[PDB]
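Student: Just passing along the structure, written as structure tokens.
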Amino acid sequence: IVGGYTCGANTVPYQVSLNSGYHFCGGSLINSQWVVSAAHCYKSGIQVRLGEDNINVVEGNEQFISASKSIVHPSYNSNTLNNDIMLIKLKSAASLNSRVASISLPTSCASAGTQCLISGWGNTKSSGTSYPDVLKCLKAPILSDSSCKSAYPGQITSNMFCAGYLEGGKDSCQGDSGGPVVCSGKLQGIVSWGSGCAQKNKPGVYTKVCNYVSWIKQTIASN
Ligand SMILES: *[B@]([O])(O[C][C][C][O])[C]([C][C][C][C][N+])[N]C(=O)[C]([N]C(=O)[C]([C])[N]C(=O)OC([C])([C])[C])[C]([C])[C]
Ligand SMILES: [Ca+2]
């Protein structure tokens with residue numbers, strides 16, 4: 001997260017770290033056995049690390065659970081990043097409490113100007129790399145579809161939205177992928193792509209989760 005603030009340990013209890021010997025992507029727990037992340041985070045040998053704050057120190061409250069199957073959306077297109085979403089099923093259910101809790105799926109899409117929280121362990125620097133140890137947080141508004149499309153002409157599908165700041169300086173960045181965008185207590189976005197990090201007129205683009213709620217529900221119910 002570039003331009004953000006330290007969240008405070010376990011203040012974002014639905015955030016997960018997907019790990020394969022290092023943190024590579026964020027994720028959201030949406031019930032005791034299922035995590036939602038981004039399809040471009042897919043790989044095998046994924047360990048879901050729940051209840052984390054410093055990802056480099058075991059501090060208490062951590063639950064490390066192997067991913068039993070990852071389910072990339074069938075229409076995921078890796079050249080457009082359209083339908084960038086994947087569900088990870090956990091090998092055993094997590095124990096839920098105040099430091100590890102699931103976030104709700106939206107019942108409607110959020111309007112332009114809704115203030116949301118984006119969080120993750122990715123790069124904090126726009127020019128160069130600085131990985132944080134602890135979870136970083138950013139409050140950022142959803143941008144109107146016109147300013148999003150004026151920034152990325154031709155690249156925005158209806159499954160995507162921009163959030164952030166046109167003046168630059170604050171944004172998600174590399175290592176934040178797969179992580180949550182929560183607006184009024186509902187998971188509305190998944191961190192996906194952008195042109196670099198926190199550059200002027202280039203906001204982050206996020207998978208629009210309200211379009212996928214029946215898919216999530218139906219895929220979880222059949223698996
Ligand atoms: B994401 O993948 O983090 C995990 C990467 C390391 O394991 C990251 C989120 C970036 C959000 C920026 N607001 N997403 C990506 O890196 C995706 N690629 C891009 O955003 C790239 C750098 N830019 C891009 O595709 O657009 C142009 C610059 C216009 C070419 C990618 C990995 C899906
Ligand atoms: Ca830790």
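Each answer follows from the model by the rule given with it, or from the source it names; nothing here is a laboratory result. For neighbour counting, all protein chains shown are included, and Cβ atoms are generated from backbone atoms with ideal geometry for every residue, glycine included.
Student: Going through the stretch 1-22 one residue at a time, which ones are assigned to a strand (DSSP E or B) and surrounded by fewer than 19 Cβ atoms within 10 Å (Cβ to Cβ)?
Tutor: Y5, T6, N19
Student: Let me ask something additional. Scan the stretch 42-56 and report the pairs whose first residue is over 19 Å from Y131 (Cβ atoms) and whose second residue is assigned to a loop (DSSP other than H, G, I, E, B) and within 16 Å of ligand 1 (Cβ to nearest atom), with Cβ atoms within less than 6 Å and a gap of 6+ or a chain change.
Tutor: Correct list of pairs: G45/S20.
Student: Take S127 and decide whether it is surrounded by fewer than 13 Cβ atoms within 10 Å (Cβ to Cβ) and either over 18 Å from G189 (Cα atoms) or assigned by CATH to the domain that holds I55 (or both).
Tutor: Considered against the rule, which asks whether it is surrounded by fewer than 13 Cβ atoms within 10 Å (Cβ to Cβ) and either over 18 Å from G189 (Cα atoms) or assigned by CATH to the domain that holds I55 (or both), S127 comes out as yes.
Student: Among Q188, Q155, which is the only one that is surrounded by 15 or more Cβ atoms within 10 Å (Cβ to Cβ) and either within 19 Å of the chain's Cα centre (by Cα) or assigned to a strand (DSSP E or B) (or both)?
Tutor: The match here is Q188.
Student: Another question about this same structure. Considering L81, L29, which residue is in the same structural domain as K217 (by CATH), aliphatic (A, V, I, L, M), buried (at least 18 other Cβ atoms within 10 Å of the Cβ) and more than 16 Å from ligand 1 (Cβ to nearest atom)?
Tutor: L29
Student: Touching a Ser or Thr at 6+ places or on another chain (Cβ under 9 Å) and in contact (Cβ under 8 Å) with a residue 60 or more places away in the chain, is that true of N31?
Tutor: It is true that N31 is touching a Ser or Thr at 6+ places or on another chain (Cβ under 9 Å) and in contact (Cβ under 8 Å) with a residue 60 or more places away in the chain.
Student: Can you report the number of residues in the stretch 36-65 which are in contact with a strand residue (DSSP E or B) (Cβ under 6 Å, 6 or more places away or on another chain) and more than 7 Å from ligand 2 (Cβ to nearest atom)?
Tutor: 15
Quick grid of which residues meet (1) under 16 Å from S28 (Cβ atoms); (2) assigned to a loop (DSSP other than H, G, I, E, B); (3) not basic (K, R):
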| position | (1), (2), (3) |
| --- | --- |
| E52 | yes, yes, yes |
| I65 | yes, no, yes |
| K69 | no, no, no |
| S75 | no, yes, yes |
| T80 | no, yes, yes |
| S98 | no, yes, yes |
| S102 | yes, yes, yes |
| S108 | no, yes, yes |
| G113 | no, yes, yes |
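Student: In addition: Can you find even one residue in the stretch 5-15 that is of a type in the set (F, W, Y), touching a residue at least 12 places away in the same chain (Cβ under 8 Å) and closer than 26 Å to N159 by Cβ?
Tutor: Checked against the condition, which is being of a type in the set (F, W, Y), touching a residue at least 12 places away in the same chain (Cβ under 8 Å) and closer than 26 Å to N159 by Cβ, the stretch 5-15 yields at least one hit.
Student: Related question: Could you say whether any residue in the stretch 91-106 is over 22 Å from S32 (Cα atoms) and aliphatic (A, V, I, L, M)?
Tutor: No, the conditions are met nowhere in the stretch 91-106.
Student: Okay, next question. Return yes when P132 is within 23 Å of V182 (Cα to Cα), of a type outside the set (G, A, S), within 16 Å of ligand 2 (Cβ to nearest atom) and not in a strand (DSSP E or B) and no when it is not.
Tutor: Yes; evaluated as a whole, the condition is true for this residue.
Student: Here's a follow-up. Hey, could you check the stretch 32-66 for residues that are surrounded by fewer than 22 Cβ atoms within 10 Å (Cβ to Cβ) and among the charged types (D, E, K, R) and say which is farthest from the chain's Cα centre (by Cα)?
Tutor: Selected residue: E59.
Student: Quick one: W215 ticks every box in (1) within 19 Å of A151 (Cα to Cα); (2) in the same structural domain as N83 (by CATH) bar one, so which box is it?
Tutor: Here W215 clears every test but (1).
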